[PDB]
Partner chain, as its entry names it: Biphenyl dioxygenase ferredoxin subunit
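Presented below, as structure tokens, is a lone chain in the form deposited without its partner chain.
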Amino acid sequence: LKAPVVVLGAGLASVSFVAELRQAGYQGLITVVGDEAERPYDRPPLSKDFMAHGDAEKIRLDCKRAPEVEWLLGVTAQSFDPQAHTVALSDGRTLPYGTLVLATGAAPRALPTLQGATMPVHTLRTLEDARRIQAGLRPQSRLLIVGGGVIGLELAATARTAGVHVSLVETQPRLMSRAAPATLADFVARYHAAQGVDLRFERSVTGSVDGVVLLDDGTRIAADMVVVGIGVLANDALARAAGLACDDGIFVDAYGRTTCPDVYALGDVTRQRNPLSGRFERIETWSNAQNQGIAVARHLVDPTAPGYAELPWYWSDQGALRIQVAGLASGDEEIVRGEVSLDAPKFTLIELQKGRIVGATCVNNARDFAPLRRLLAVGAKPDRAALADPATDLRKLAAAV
């Protein structure tokens, strides 16, 4: 590993990586450049508890496993020269590097049809965003959310709890089309509708006039605030300019290597192999950011260590639904454990492909999730009758493997 180490971005992936470098035994220089003028913080609370409690000191990331790191907060890396091995900073300084790590994440995609709008329109990515939205979540106000993914739905739940009227516009015929089983998506729509969310499927926004949103069916929605959660775009501009292979995300191998010698990348900014699908994908989960960061650091310090190998998974807390999703959304088979019901929701889904577990969902059923992720990891082929059977406990079934 070539010193000094410079990391661009100070999000979860960055913090996780630098903490692992130190824990693995690297004692040379580490400098982290973070464009946000904020003590590094975790994003999941921004759509939930922060949106509701407003204390940023409850959401900071623990940097104590990363001693002796200089964090340049409020500074933007403007470019890097991979021949000179330097990074140019917005404050006029230049940093030298032996190893450069791009952990610059992703930015919310903006709505092109609302580009010249005159009502409040916000995205939800940063603490600044969350505070700005927080200030607008007054009881009885009218919130329109654009996008029925995890941002929109987590915010929908938080807003309804605060007594805010919520309408939500989604272009697809379903919610969470990105990385969720249809059975889950259907249930989640039923849940939100029952909580008073006004869902609009297969509708695109065509624009707005004076505090009113226009749709593709030729109709209107008036709103006090719009929050746009329509996905992200990788923050890969420095990589594109420097000649790295990128396409809405920096291509990396399991060691986090880019196409440019001595430059690595990790987290939301990367496109990487999903071992379950065998395809290159942006894996934009909290667990990826942490675990890919850790694996890349571990292998830089110890080249004998394996490359990143974890299978993808996430959670989403949407009001009364604590959702956990691992692996692939579908296979050739779905097994449902429990009844799927709005009365005290509690169930598990298991996706199989030719008898092999390729994915799993738990809704208010955390006890089942860890054993299913272990079965997933080893490509388990359990008895499908037993997988369905309510009498089977999965912790023991996983233990038998």
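Only the largest set of C-alpha atoms that superpose within 1.5 Å between the two forms is called the rigid core. Residue numbers count along the first chain shown, from 1.
If you look for the form deposited with its partner chain bound, you will not find it shown, but the lines that follow are about it.
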None of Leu375, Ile59, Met51, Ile335 but one has a heavy atom within 4.5 Å of its partner chain in the deposited complex; the exception is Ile59
In the deposited complex, the residue from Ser167, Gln290, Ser208, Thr99 with a non-hydrogen atom within 4.5 Å of its partner chain is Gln290
- request: Would you check whether its partner chain, in the deposited complex, lies within 4.5 angstroms of a non-hydrogen atom from each of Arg174, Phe347 and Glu351?
  value: no
| field | is_contact(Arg160, its partner chain) in the deposited complex, heavy atom dist at most 4.5 Å | value | no
Item checked: 4.5 Å heavy atom contact, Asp317 and its partner chain in the deposited complex -> yes
Does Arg322 reach its partner chain in the deposited complex if we count a contact as any heavy atom within 4.5 Å? yes
Evaluate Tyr191 for contact with its partner chain in the deposited complex, applying a 4.5 angstroms cut-off between non-hydrogen atoms, and reply yes or no. no
Assert contact_stretch over 307-315, 117-125, 197-205, 104-112 against its partner chain in the deposited complex, heavy atom within 4.5 Å, equals 307-315
Across 65-97, the residues having a non-hydrogen atom within 4.5 Å of its partner chain in the deposited complex turn out to be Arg65
Rigid-core superposed between this form and the one not shown, candidates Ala117, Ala88, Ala245, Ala237; the one over the 2 Å C-alpha cutoff or at it is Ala117
